[PDB]
Structures are given as C-alpha cells and as structure tokens.
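Q: would you be able to build a 3D model of this:
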Amino acid sequence: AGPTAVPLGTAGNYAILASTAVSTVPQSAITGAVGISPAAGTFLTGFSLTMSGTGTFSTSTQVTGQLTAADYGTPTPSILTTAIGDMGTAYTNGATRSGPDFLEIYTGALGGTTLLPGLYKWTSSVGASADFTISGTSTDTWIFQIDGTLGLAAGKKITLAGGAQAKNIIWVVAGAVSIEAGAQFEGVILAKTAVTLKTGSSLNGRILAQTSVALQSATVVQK
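A: Numbers count the residues shown, from 1 in each chain. Take a look at the structure below.
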C-alpha cells in the first residue's frame, strides 16, 4: 500500500547532502556520509574536520562516515555533482506526484494521528505539536508533499508502527524544515530549502537539502 517509491539514486549514499552549507554545534552524532556541493568544504562548519591522506574526503568525530565537498580532490567533485543531480531528480519526482490519497488532511496538524500508507498533499505548512505514528507494513510507502514549512515540536516523536520503515517514508518539503530541540523524526527529507535539527533532536532517515542543513548536537542515523 502507498505510492510508488522515490528512488534517491546516489543521494541515498548520504546521511546529509546539502548545497549551500552544513553547520553543527558539537556534539552531533551522524551515521553516514555528509556531502556538500556545489559549496566548498569551508561551508561545513563546527565539524573540527581532519582532511584524510588522499585529500578527497575529511573526517569528524561527529560523523561515522566520510565528509566530502565540491573543492575536495578528484574524483570527489564529480561524485557530488551526480549526488546533487540525483537529489534534484528525487525531489522533483516526489513533488510532482499526482492523485493524492489525502488532501489537506487535518489541516497539516499531525499531532496524535496515525498515518496510513499513501500520497499526502498539503498546500500548507505541516507540523506536529504532539507525538504521532506512521503505521504500515515493512513494504508500505508514504510520500508527504508539503508546499509550506515542516515542523516537529520540541520533545515530540514520530513512532513507526506495524513494521513501517523510515527509508519508505519520504517528506518532500518546499518550505523550511525545523525539527525542534529533543524531537525524534522518522523519514527521508527531500527539502527544497533549509533543514534545521535543534539541540538533542534526532532523525532516522536522511537529510537531502537543496540549500542548508543546520544541526545542534543532533543525531542523524541514515536509513
């Protein structure tokens, strides 16, 4: 049940892929790669980077995986151009899907809900002021098309019920994404603009932002 998948292509190789900046207030805990392009590695800030021997990737104690930037040694720039391309394809694929199963459902107030598999369209901002559940089997899909901003309120959490997988949940957000302090998010975020994860928040999924990503001692676990 649910809509056809949004293939991420090589964007699915990153916990965080951004185009303009990635910032962190230590100590973030990222499991997976962090890539930035076409901005240079100087737009990865707060990571206390160490450039590795080849000059093609760097490391941070805040990242289990490699960081890469557009200015790093061949072949890292080419890798990242293809990843950024694949992110753009993915975002457009998800944003342009027709025939939603849910239209303006709950006026975009997801607190206390249990969301069944489907394509969801809101011509609005979406938010949750209370915990909510995404409920379906390990093979069910969700696409959340959001024309406005996406938020998740401080300390609030998204629960997976029924065997639902984060990698099967796609948030396609045109507006800014703000995950408030201590909140726990589930899903892949295909963001047209900025994404922010505030102090002690967590996300199981990926952050694929066409502008900036801002972390504040945040946990990002690739799914």
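
Q: what about residue 189, distance to residue 11?
A: 11 Å (Cβ to Cβ, to the nearest Å). Quick note: C-beta positions are derived from backbone N, CA and C, even for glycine.

Q: what sits in contact with each of the two?
A: 206, 208 (Cβ atoms under 8 Å, 6 or more residues apart in numbering).

Q: so how far is residue 184 from the nearest residue to residue 59 once chain neighbours are set aside?
A: In space, and not counting its chain neighbours, residue 59 is closest to residue 50: 4.9 Å by Cβ to Cβ, 6 or more residues apart in numbering. Taken as Cβ to Cβ, the spacing of residue 50 relative to residue 184 amounts to 30 Å.

Q: pick out whichever of the two has more residues nearby.
A: The neighbour comparison of residue 50 against residue 184 (other Cβ atoms under 10 Å) goes to residue 184, with 18 against 10.

Q: for the more buried one, which non-adjacent residue is spatially closest?
A: Residue 184 sits nearest to residue 157 (Cβ to Cβ, 6+ apart), 3.9 Å away.

Q: neighbours of that neighbour, how many?
A: Neighbour tally, residue 157, other Cβ under 10 Å: 16.

Q: which residues does it contact?
A: 131, 183, 184.

Q: and the second one, how far is that from residue 2?
A: Same thing as residue 183. 24 Å.

Q: next one: the last one
A: Residue 184 sits 22 Å away from residue 2 when distances are taken as Cβ to Cβ.

Q: residue 10 should be in a helix, yeah?
A: Yes - under DSSP: H, G, I helix; E, B strand; the rest coil, residue 10 sits within a helix.

Q: residues contacting the nearest residue to residue 1 once chain neighbours are set aside?
A: The shortest distance from residue 1 to any non-neighbouring residue, by Cβ to Cβ, 6+ apart, is to residue 117 (3.9 Å). Residues in contact with residue 117 (Cβ under 8 Å, 6+ apart) are 1, 2, 101, 136, 140, 141, 142.
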